[PDB]
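In the form deposited in one PDB entry, a lone chain appears below as structure tokens.
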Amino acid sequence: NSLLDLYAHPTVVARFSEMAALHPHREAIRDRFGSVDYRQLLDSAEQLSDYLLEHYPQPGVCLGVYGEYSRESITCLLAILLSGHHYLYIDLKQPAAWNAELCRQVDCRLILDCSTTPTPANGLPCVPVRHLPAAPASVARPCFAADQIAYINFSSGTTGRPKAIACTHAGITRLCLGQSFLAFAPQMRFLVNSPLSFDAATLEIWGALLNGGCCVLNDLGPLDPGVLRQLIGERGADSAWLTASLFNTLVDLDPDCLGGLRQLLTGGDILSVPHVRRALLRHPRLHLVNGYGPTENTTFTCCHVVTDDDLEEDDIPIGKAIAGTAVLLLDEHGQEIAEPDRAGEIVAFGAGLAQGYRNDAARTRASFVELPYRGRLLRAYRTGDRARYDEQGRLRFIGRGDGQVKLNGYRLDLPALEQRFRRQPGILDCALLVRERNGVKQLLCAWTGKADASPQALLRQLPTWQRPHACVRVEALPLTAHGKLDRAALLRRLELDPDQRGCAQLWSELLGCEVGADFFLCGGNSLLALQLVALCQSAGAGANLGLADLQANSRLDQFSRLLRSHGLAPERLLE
């Protein structure tokens, strides 16, 4: 209270400059090539900023960044902030129209290309930053207030129209300073892994840099037991965030791969108590935290440090408001719930509140409101998350009233996506389901219509994380006696060679889908692909990669051949 006030918090750049001044020789960044210390990071960043200010001397413009984590991409984030501008991650894994739409929404001037590999941009103004000329020698940095935009993340956008959520310097410095839920210290080594399109990345990067710690970048490829083990062992990562279902996957595959971490946060969806239990009894000294919050409130709203006693609950508490934030639980009538075991909506106040939804006034007025807190009448955001208090005054997550789902940490408005499928030519009806198989989520799509009507165009237009893992055509969507989609019925519906029939039984058991002579059109996804590859490696492989045998071999023709290359299909069943 009064930390709820944006102006009580410093700028990202003021705080970083403070760190760089105190800790010139501490590792700021550790990548495959070495480390960069604070003084070096600061210089590089200032130089690149000299270039930016030359081309965009007026504070407050949106600049893009592309490429997987590198010393250059971090440096770019810093240079952008230093110039009074804000960053937008343009993911080139995504379809052109989608990225172009983002850029239009925030008026993205120029993209700073750190991509190691050749950029097939072709619509967009990319400038490669590596080996850049070293422009005119200095510029005074604008001294902006803490309410300046640091970065943009987008609303789901399953309508086809994603809305920009502008987050502020104060949101970040609030997140990273004066907290109790994690120990932020100069000795911390934070794994930088999460997709920079979304807000866990915020914690992983700024948590370290604002505290004099080191960012340990994953430049080794998708996170899995071996890569994690490597980032911990060789590079000394002691602190990490993992979206709940990735945490689940790792714990199931190789629980000891968590060994060496002092601090681990997970969240982004409802935590699995069994997996939390296994990680904790496996690693009794681990400081484990359940982080909760919407992008609109900047990374975290509530966090809960996990205890022994929690391991007997049906759900891990999401705990309490972080410093610089406040929450209320509201009834249907708008009055705060003061007592245990009574469900209501989570409402948020404080320094984490984002600007609103750029170019959407209605959404903005709907969830960004003024509401009384204590005495004062404060700006607030309504999460749409139903929770309840427990005996100890800790929040306990219930769920949502609208159709919004988390798909392995990704935010989707499912109804709008479904409707998007209905609009496709020759498609009568469509049902979208998210499934909880194997600690992980799957997005399953069943549609009715012309037999030729499969919506491949639409899928090519969807950002990758919005594409169903299975698209099946059906006779009809099963209705119950009450007229409601019969979900169990639907999932139920969704269920040759010597070794070709083995691969397809395996895939069936793992995916919950069909045989007949493709994994990622069959209900596979990146997490399940991890598990499958790990099985295959248990079996006398590991020349068999996440890349080779699955993506290059994804048919089950190509996979029955890649399998029958080294070993037998029936063996994996008991591995």
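Numbering starts at 1 and runs along the sequence shown. Note that the rigid core is defined as the largest set of C-alphas that superpose within 1.5 Å between two forms.
Missing here is the form deposited in another entry; even so, the following discussion is about that form.
**Student:** Compare C-alpha positions between this form and the one not shown after fitting on the rigid core and state which of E234, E313, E332, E436 moves by at least 2 angstroms.
**Tutor:** With the rigid core fitted, the residue that moves is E436.
**Student:** Align both forms on the core first, then report whether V139 has a C-alpha shift of 2 Å or more between this form and the one not shown.
**Tutor:** Superposed on the core, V139 moves its C-alpha 2 Å or more between this form and the one not shown.
**Student:** Does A185 count as moved between this form and the one not shown, where moved means a C-alpha shift of 2 angstroms or more after fitting the rigid core?
**Tutor:** Yes.
**Student:** Rigid core superposed, CA of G157 - does it shift 2 Å or more between this form and the one not shown?
**Tutor:** The answer is yes, as the C-alpha of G157 shifts between this form and the one not shown by 2 Å or more after core alignment.
**Student:** Relative to what we see here, could you say if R39 and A185 have their Cα atoms closer or farther apart in the other entry, with a change of 3 Å or more?
**Tutor:** They are farther apart; the C-alpha distance rises by 3 Å or more in the other entry.
**Student:** Closer or farther apart in the other entry, the C-alpha atoms of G267 and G157, for a change of 3 Å or more?
**Tutor:** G267 and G157 sit closer together in the other entry.
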